[PDB]
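A, B, ... follow the sequence lines: proteins, then strands. Residue 1 opens every chain. When a ligand or atom number is given, it counts from 1 through the structure's own listing order. The basis for the numbers below is simple: all heavy atoms, side chains too, and nothing from hydrogens, waters or symmetry mates.
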Amino acid sequence: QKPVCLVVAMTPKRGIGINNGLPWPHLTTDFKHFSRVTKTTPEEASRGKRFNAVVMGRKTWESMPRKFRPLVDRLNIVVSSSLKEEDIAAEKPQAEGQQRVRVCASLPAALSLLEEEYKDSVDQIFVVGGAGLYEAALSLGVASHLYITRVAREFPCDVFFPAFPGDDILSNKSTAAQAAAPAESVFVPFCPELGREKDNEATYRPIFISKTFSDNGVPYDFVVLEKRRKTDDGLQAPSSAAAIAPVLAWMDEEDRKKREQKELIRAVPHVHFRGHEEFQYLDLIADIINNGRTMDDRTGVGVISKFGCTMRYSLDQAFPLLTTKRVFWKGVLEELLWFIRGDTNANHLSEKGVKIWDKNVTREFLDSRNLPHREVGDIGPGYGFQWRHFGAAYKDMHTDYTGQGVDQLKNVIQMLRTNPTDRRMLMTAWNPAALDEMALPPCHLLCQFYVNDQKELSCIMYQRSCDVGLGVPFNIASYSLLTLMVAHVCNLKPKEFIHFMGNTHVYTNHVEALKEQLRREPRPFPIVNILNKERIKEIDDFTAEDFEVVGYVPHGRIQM
Amino acid sequence: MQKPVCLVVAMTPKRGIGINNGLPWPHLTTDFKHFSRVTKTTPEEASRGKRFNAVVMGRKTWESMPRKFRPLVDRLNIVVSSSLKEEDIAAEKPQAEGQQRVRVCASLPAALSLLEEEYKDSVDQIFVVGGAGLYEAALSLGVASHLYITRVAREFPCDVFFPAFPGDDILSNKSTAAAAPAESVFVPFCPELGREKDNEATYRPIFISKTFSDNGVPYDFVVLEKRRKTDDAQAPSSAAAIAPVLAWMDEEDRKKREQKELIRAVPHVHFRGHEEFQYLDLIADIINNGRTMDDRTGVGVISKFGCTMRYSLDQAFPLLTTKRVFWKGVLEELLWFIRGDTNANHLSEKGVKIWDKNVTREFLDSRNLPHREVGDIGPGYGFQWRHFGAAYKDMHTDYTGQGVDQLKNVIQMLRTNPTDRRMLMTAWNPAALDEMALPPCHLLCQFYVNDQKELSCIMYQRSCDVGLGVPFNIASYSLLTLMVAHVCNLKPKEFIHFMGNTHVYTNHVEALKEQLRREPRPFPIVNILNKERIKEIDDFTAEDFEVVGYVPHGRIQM
Ligand SMILES: NC(=O)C1=CN([C@@H]2O[C@H](COP(=O)(O)OP(=O)(O)OC[C@H]3O[C@@H](n4cnc5c(N)ncnc54)[C@H](OP(=O)(O)O)[C@@H]3O)[C@@H](O)[C@H]2O)C=CC1
Ligand SMILES: NC(=O)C1=CN([C@@H]2O[C@H](COP(=O)(O)OP(=O)(O)OC[C@H]3O[C@@H](n4cnc5c(N)ncnc54)[C@H](OP(=O)(O)O)[C@@H]3O)[C@@H](O)[C@H]2O)C=CC1
Ligand SMILES: O=c1ccn([C@H]2C[C@H](O)[C@@H](COP(=O)(O)O)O2)c(=O)[nH]1
Ligand SMILES: O=c1ccn([C@H]2C[C@H](O)[C@@H](COP(=O)(O)O)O2)c(=O)[nH]1
Ligand SMILES: CCc1nc(N)nc(N)c1-c1ccc(Cl)cc1
Ligand SMILES: CCc1nc(N)nc(N)c1-c1ccc(Cl)cc1
């Protein structure tokens with residue numbers, strides 16, 4: 001009895017085709033993935049001819065170009081009542097060592113044919129579309145695994161993958177007892193022989209979530225879902241390992257005792273291959289809750305903290321705007337352009353609807369800072385003032401500072417353009433002489449740039465204090481966005497943002513909300529495009545209308 | 001023999017194990033726990049009708065054992081002796097219920113046969129636990145598959161020594177003495193074949209732990225494995241479902257790996273607990289995976305961007321051991337930093353010349369500082385630490401009260417509000433960079449206190465020569481953390497190293513590959529002397545520190 005899997009690419013609304021074609025421009029990595037999965041013999045992936053079978057409906061077969069069909073090096077089965085096997089053979093000369101294309105009247109007939117006629121030759125069976133055959137395979141319950149390429153952008157479609165148990169992997173579902181009726185869905189039998197019985201309901205659970213890819217401006221990732229019941233929950237010589245085991249046992253005794261005391265928090269534990277880069281962020285939250293120390297802090301709330309943490313995010317395919325909770329993109333962008341301008345007037349942010357600075361520039365708060373001479377909204381000689389005018393004497397948010405202090409951002413960009421191997425391309429906001437004049441001591445206080453041999457730019461930012469629940473996603477996007485902007489005006493390609501964290505903490509009053517967020521599987525990351533690239537020559541040329549975020553499909557509000 | 005035999009011992013770097021029929025060092029608590037856990041645990045519990053292990057010892061070791069511990073409880077005890085009588089031992093202290101009668105045997109082979117014969121169903125593992133006479137017999141018989149060695153990092157006077165053995169280079173540097181065939185015990189690989197030229201074994205490390213200490217004594221744990229000397233010059237459905245996808249995702253890295261000869265430090269060590277493995281693994285990862293480019297001086301640099309390491313400070317001090325670190329230089333330069341001094345002649349006159357090449361008239365002129373006196377580093381590291389933002393005239397000026405004194409600010413906050421999240425000290429002053437002989441390399445450090453009065457430090461370094469600078473930099477900021485912890489009545493916990501451009505020079509690669517053949521030795525202890533006299537960071541002098549148990553490998557021939 002041979003394994004059956006489904007292989008499909010779909011939009012978040014399950015769109016898979018239009019006018020008997022695909023909805024999107026060509027997805028190059030997905031095509032490699034489709035070929036490799038369906039052509040790979042089982043012994044190869046784990047490292048007389050044996051081959052796999054691909055089963056498709058008639059429209060999917062018709063949708064292919066004559067030169068491309070049948071799919072090479074796999075047995076092709078077409079489910080159809082009208083197509084004839086002789087016609088297919090008559091299309092073009094049969095190639096050597098290629099299986100004759102078979103036509104069957106239903107999916108059960110196709111599987112029975114493979115089980116019986118191809119018992120010694122076929123290894124694996126892939127159902128590869130379209131919606132008619134996917135629906136048949138789901139309702140039959142024969143698919144142990146679904147290989148889904150989640151395309152993050154929406155496209156006009158007229159053919160959709162059937163709704164299925166587990167399709168919350170694609171998009172947000174009204175499920176908090178607020179749905180008007182049980183969601184539309186195929187019934188998937190867990191034991192296929194027992195059909196539709198209440199006791200026999202299955203669901204598909206993700207075991208695999210890759211990092212985000214893109215081609216042709218389309219972001220997407222790869223997931224593998226495994227059928228489950230709905231009522232469900234180095235290497236060394238053995239002698240070497242046995243000699244070592246008693247020493248490890250006593251060395252781990254103190255940790256094992258404290259593990260067995262508390263319950264260990266773990267983000268979406270059923271996902272075994274955790275390639276998505278947001279798993280760094282989810283695992284960080286879990287590790288702070290599990291292993292941080294509870295302590296007191298400036299605000300009085302109480303925190304769990306760890307000291308010295310790192311994450312890295314790729315910028316060459318997609319943009320790390322986190323998906324298990326929506327990030328305030330407009331605030332990230334408006335605040336970064338404000339920084340770049342050297343602006344210290346937080347009212348300019350507030351009037352645009354970005355309120356993040358307001359609580360720290362009230363008359364009340366500025367007086368707690370012993371700055372009663374500060375007009376409301378004046379953050380003092382803080383972040384952007386130090387970036388563009390490091391060391392200048394500060395009067396107020398209305399003063400013109402052109403030519404005062406050191407313009408670090410200009411110096412970094414000039415060095416990247418002329419001497420990109422330089423090891424001093426740094427920008428800092430931490431000016432200890434100015435700390436008492438500021439509304440807040442800088443939090444993200446240092447960044448460093450680096451170029452490799454292929455004109456790829458990377459950025460490290462060092463943050464002294466990190467609220468992982470609320471601040472960290474925002475800071476990831478700010479400095480990733482900065483890296484895209486610097487790369488563009490320096491004729492570089494953005495490669496990586498690297499995040500160095502000092503005091504890294506969650507607030508104890510957020511612990512329960514974070515546990516709920518840690519039940520969410522990350523979605524594919526969006527793409528951030530720079531618009532009007534020919535117009536933008538210098539870092540000061542960017543405006544708030546020069547950016548577009550594409551394919552951003554985050555989880556909704558936290559039910560807590 | 002169906003039953004495994006292992007040797008368990010603690011020894012100084014000179015193989016010393018005993019004096020006056022006792023141990024040569026103050027009590028080592030963690031080693032005593034380790035000894036009990038290893039010899040007591042039966043592999044049902046290690047891997048996770050009574051079964052037990054046996055411990056076999058010589059008569060003097062039996063006599064040395066404090067009577068409250070003797071016989072070793074929950075283990076069968078066998079004493080090898082020509083004079084002790086089993087009846088006398090039993091009458092001296094009769095055994096509790098469910099404990100084993102102590103046996104007496106005339107030789108190690110007699111003891112091992114008794115165990116294979118009479119204790120077939122009950123004994124699991126056999127440990128030889130001393131002393132030198134029984135260790136020598138076991139080594140020469142070749143019955144011990146593994147050696148559990150506690151490496152005590154300090155020499156102590158001893159009158160009894162572990163025998164010289166093949167593999168004892170794991171302990172200390174071996175001079176040009178050849179002497180070994182006459183000196184070392186010959187260890188049969190196949191014990192049945194005895195001493196034949198084709199039957200020669202050696203012991204190789206598979207396990208090196210992090211460094212522990214008790215009572216001022218640093219030490220670590222290694223397990224050695226017997227080898228031939230001629231060796232030397234989830235559910236399957238889930239996993240199978242995932243495999244084709246991983247196969248294509250890894251195809252690019254796989255085809256580059258197949259073309260590269262991967263560098264790997266001492267790859268026979270499988271458990272790599274020693275914290276110096278982070279440094280050795282970093283060298284390897286830079287050579288395997290760094291990008292080769294050219295730098296300021298036109299030579300090749302292999303570089304990576306954004307690396308980290310972490311070193312514990314609560315038991316030992318991370319003075320690296322695969323190559324000697326210039327401790328005097330580390331300590332003098334830090335004291336100089338703490339003074340805000342910028343006169344590199346003050347270092348040079350103490351035999352610390354690390355700054356000289358960057359304060360010569362010729363070099364200073366290349367910095368467009370022709371008005372700088374020889375030896376004047378400008379407003380650099382310690383000046384920014386103690387006088388941040390102050391305007392700089394020369395290295396003779398008195399800058400008292402000028403600028404921001406970050407170091408004093410950090411100490412006062414640690415003393416008064418330790419959970420503050422702003423305890424930072426920076427040397428990166430962009431307004432002063434052009435006046436400095438060198439732009440600062442280690443430019444920012446941040447402190448943190450947990451709920452147990454334990455202090456940690458992060459230092460951020462923009463440019464890291466892993467071959468030469470980084471071991472020095474690690475010692476500098478670990479030492480600074482020890483000093484800050486003391487004057488704040490805190491305990492030092494951890495030094496965390498954040499690295500930007502992390503590189504090795506291509507013309508060091510050959511010498512580095514040699515270094516990567518060296519197994520790390522236990523870290524030494526750094527003690528602060530005269531603690532009662534030292535109340536403020538400025539109070540420390542060079543005489544206030546001692547380095548205990550520092551046993552680094554010697555110089556690289558390449
Ligand atoms: N994004 C992706 O991964 C994929 C996208 N697509 C897109 O999907 C669309 C085509 O899919 P679709 O339109 O659903 O058509 P199908 O490929 O499902 O072919 C439908 C035909 O196949 C036969 N058939 C299908 N289901 C059954 C069944 N249960 N029992 C018996 N015969 C059956 C019938 O053939 P007859 O009428 O001859 O009896 C039916 O008319 C195209 O736009 C294509 O581009 C296709 C594959 C994968
Ligand atoms: N640091 C460590 O890990 C350890 C240290 N020690 C230290 O080692 C010292 C004792 O070791 P050591 O002095 O060598 O004495 P031993 O413990 O080796 O006992 C020596 C006696 O044991 C018997 N014996 C030993 N080897 C043989 C043999 N091959 N064949 C027959 N009988 C044998 C003889 O007993 P008889 O004379 O009765 O025939 C011999 O006189 C003490 O200082 C002790 O503290 C001990 C154990 C571990
Ligand atoms: O960009 C920022 C700015 C602030 N914070 C958080 C860290 C702390 O929780 C708090 C700042 O207060 P202090 O670290 O100064 O105490 O806000 C961030 O996470 N990111
Ligand atoms: O404390 C120090 C000072 C310097 N370097 C190394 C790093 C670089 O190889 C070189 C300084 O060169 P630049 O990065 O400034 O170009 O010295 C260190 O590793 N540690
Ligand atoms: C490469 C497109 C693709 N990607 C994935 N992940 N699955 C598929 N089933 C297909 C596909 C679509 C149309 C045809 Cl005709 C064949 C295959
Ligand atoms: C705990 C000391 C110790 N540590 C180790 N690692 N091995 C040993 N063989 C011993 C030891 C020393 C003397 C006696 Cl009598 C028994 C055991």
(request) Indicate whether atom 23 (C) of ligand 1 is within a distance of less than 4.0 angstrom of some protein heavy atom. (result) yes
(request) Verify, without hydrogens or angle tests, whether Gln278(B) (side chain) and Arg310(B) (backbone) share a donor-acceptor contact under 3.5 angstrom. (result) yes
(request) Look at atom 42 (C) of ligand 1 and say which protein heavy atom is nearest, naming residue and atom and giving the distance to 0.1 Å. (result) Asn20(A) OD1, 3.5 Å
(request) Output yes when the distance from some N or O of ligand 1 to some N or O of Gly17(A) is under 3.5 Å, and no in every other case. (result) no
(request) Using a 4.0 Å heavy-atom threshold (strictly under), name the region of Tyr134(A) that reaches ligand 1: side chain, backbone, both or neither. (result) side chain
(message) Does ligand 1 come near enough to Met10(A) that some N or O of the ligand is less than 3.5 Å from an N or O of the residue?
(response) no
(message) Go through it in stages, so that I can follow the logic: the residues are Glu62(A) and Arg58(A), the test is salt bridge (charged side-chain N to carboxylate O under 4.0 Å, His left out), and I'd like the CA-CA distance, side-chain angles, deciding distance and then a yes or no.
(response) CA-CA 6 Å; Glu62(A) 273 160 11; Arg58(A) 167 184 53 87; 3.0 Å; yes
(request) Could you list which atoms of ligand 1 come closer than 4.0 Å to a heavy atom of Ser81(A)? (result) 36 (P), 38 (O), 39 (O)
(request) Compute the centroid of each ring, for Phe208(A) and then for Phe273(A), and state whether the two points are separated by less than 6.0 Å. (result) yes
(message) Evaluate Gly132(A) for polar contact with ligand 1, using N/O atom pairs at a separation under 3.5 Å.
(response) yes
(request) Distance to 0.1 Å, residue and atom name: give those for the protein heavy atom nearest to atom 7 (C) of ligand 1. (result) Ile16(A) O, 3.7 Å
(request) Only heavy atoms count here, so choose which of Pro23(A), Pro162(A), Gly21(A) is nearest to atom 45 (O) of ligand 1. (result) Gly21(A)
(message) Heavy-atom pairs closer than 4.0 Å: do any link ligand 1 to the side chain of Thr60(A), the backbone, both, or neither?
(response) both
(message) Please check: side-chain N/O of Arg462(B) versus main-chain N/O of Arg423(A), any donor-acceptor pairing under 3.5 Å?
(response) yes
(message) Measuring only between side-chain heavy atoms, which start at C-beta, is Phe305(B) closer than 4.5 Å to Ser303(B)?
(response) no
(request) Run the ring-centre check on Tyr204(A) versus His145(A) and record whether the distance is less than 6.0 Å. (result) no
(request) Identify, for atom 1 (N) of ligand 1, the protein heavy atom at the shortest distance, and state residue, atom and that distance. (result) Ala9(A) O, 2.7 Å
(message) Using side-chain heavy atoms (C-beta onward) and a distance below 4.5 Å, is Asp465(B) in contact with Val470(B)?
(response) no
(message) Below 4.0 Å, non-hydrogen atoms only: which portion of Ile18(A) touches ligand 1? Side chain, backbone, both or neither.
(response) backbone
(request) Could you tell me whether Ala136(A) and ligand 1 have an N or O pair separated by under 3.5 Å? (result) no
(request) State the atoms of ligand 1, each with its element, that fall below the 4.0 Å cut-off from a heavy-atom position in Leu22(A). (result) 5 (C), 45 (O)
(message) Only heavy atoms of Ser82(A), strictly under 4.0 Å: list the atoms of ligand 1 that pass.
(response) 38 (O)
(message) Quick check on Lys13(A): does its NZ atom have over 12 non-hydrogen neighbours (other residues, nucleotides or ligands) under 6.0 Å away?
(response) no
(message) I want to confirm something. Looking only at heavy atoms, which of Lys59(A), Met64(A), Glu135(A) is nearest to atom 19 (O) of ligand 1?
(response) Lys59(A)
(message) If the cut-off is 4.0 Å to any non-hydrogen atom of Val8(A), which atoms of ligand 1 fall inside it?
(response) 3 (O)
(message) Between ligand 1 and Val159(A), is the shortest N or O to N or O distance under 3.5 Å?
(response) no
(message) Using a 6.0 Å distance limit plus a 45 degree cone around the ring axis, check whether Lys211(A) lies over the aromatic ring of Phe213(A).
(response) yes
(request) Kindly check if the number of other-residue, nucleotide or ligand heavy atoms within 6.0 Å of CG (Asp434(B)) is above 12? (result) no
(request) Report the part of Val128(A) (side chain from C-beta onward, or backbone N, CA, C, O) that has a heavy atom under 4.0 Å from ligand 1; answer both or neither where that applies. (result) backbone
(request) Would you confirm whether any non-hydrogen atom of the protein falls under 4.0 Å from atom 28 (C) of ligand 1? (result) no
(message) I'd like to know whether ligand 1 has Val79(A) as a neighbour, heavy-atom separation below 4.0 Å.
(response) yes
(request) Please find out if less than 6.0 Å separates the ring center of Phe337(B) from that of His442(B). (result) yes
(request) Report yes if the distance between the aromatic ring centroids of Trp336(B) and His346(B) is under 6.0 Å, otherwise no. (result) no
(request) State, with a plain yes or no, whether a side-chain heavy atom of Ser463(B) is found less than 4.5 Å away from one of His503(B). (result) yes
(request) Give the residue, atom name and distance (to 0.1 Å) of the protein heavy atom nearest atom 40 (C) of ligand 1. (result) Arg58(A) NH2, 4.8 Å
When you check ligand 4 against the protein, what N or O pairs turn up below 3.5 Å? List the atom names and distances, or just say none.
residue	atom	partner	partner atom	Å
ligand 4	1 (O)	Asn473(B)	ND2	2.9
ligand 4	9 (O)	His503(B)	NE2	2.6
ligand 4	9 (O)	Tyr505(B)	OH	2.9
ligand 4	12 (O)	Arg423(A)	NH2	3.2
ligand 4	12 (O)	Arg296(B)	NH2	3.2
ligand 4	14 (O)	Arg423(A)	NE	2.7
ligand 4	14 (O)	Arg462(B)	NH1	3.1
ligand 4	14 (O)	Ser463(B)	OG	2.6
ligand 4	15 (O)	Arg424(A)	NE	3.1
ligand 4	15 (O)	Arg424(A)	NH2	3.2
ligand 4	15 (O)	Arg462(B)	NH1	3.2
ligand 4	15 (O)	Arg462(B)	NH2	3.1
ligand 4	16 (O)	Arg423(A)	NE	3.3
ligand 4	16 (O)	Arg423(A)	NH2	2.8
ligand 4	16 (O)	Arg296(B)	NE	3.0
ligand 4	19 (O)	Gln461(B)	NE2	3.4
ligand 4	19 (O)	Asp465(B)	N	3.0
ligand 4	20 (N)	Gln461(B)	NE2	3.4
ligand 4	20 (N)	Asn473(B)	OD1	2.9

(message) Distance under 4.0 Å, heavy atoms only, partner ligand 5: which residues pass?
(response) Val7(A), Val8(A), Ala9(A), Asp30(A), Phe31(A), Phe34(A), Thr60(A), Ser63(A), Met64(A), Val128(A), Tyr134(A), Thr149(A)
(request) Could you tell me which atoms of ligand 1, counted from 1 in the order shown, lie closer than 4.0 angstrom to a heavy atom of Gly57(A)? (result) 16 (P), 17 (O), 19 (O), 22 (O)
(request) Determine, using ring centers only, whether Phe222(A) and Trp248(B) are less than 6.0 Å apart. (result) yes
(request) Give the intermediate values and the outcome of salt bridge (charged side-chain N to carboxylate O under 4.0 Å, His left out) for residues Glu91(A) and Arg69(A). (result) CA-CA 10 Å; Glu91(A) 258 179 43; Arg69(A) 71 201 200 195; 3.0 Å; yes
(request) Would you give the length of the straight line joining atom OG1 of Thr11(A) to atom CD of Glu154(A), rounded to the nearest 0.5 angstrom? (result) 3.0 Å
(request) Inspect the surroundings of NZ in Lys59(A) and state if more than 12 heavy atoms from other residues, nucleotides or ligands are less than 6.0 Å away. (result) no
(request) Return yes or no for this condition: an N or O of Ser63(A) is under 3.5 Å from an N or O of ligand 1. (result) no
(message) Within the structure, is a non-hydrogen atom of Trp24(A) found at a distance of less than 4.0 Å from ligand 1?
(response) yes
(message) If you take the nearest heavy atom of each of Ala105(A), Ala131(A), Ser139(A), which one is closest to atom 12 (P) of ligand 1?
(response) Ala131(A)
(message) Taking 4.0 angstrom as the limit and counting only heavy atoms of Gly129(A), give me the atoms of ligand 1 inside it, by number and element.
(response) 17 (O), 47 (C)
(message) Checking the N or O distance criterion of under 3.5 Å, is ligand 1 in contact with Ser80(A)?
(response) yes
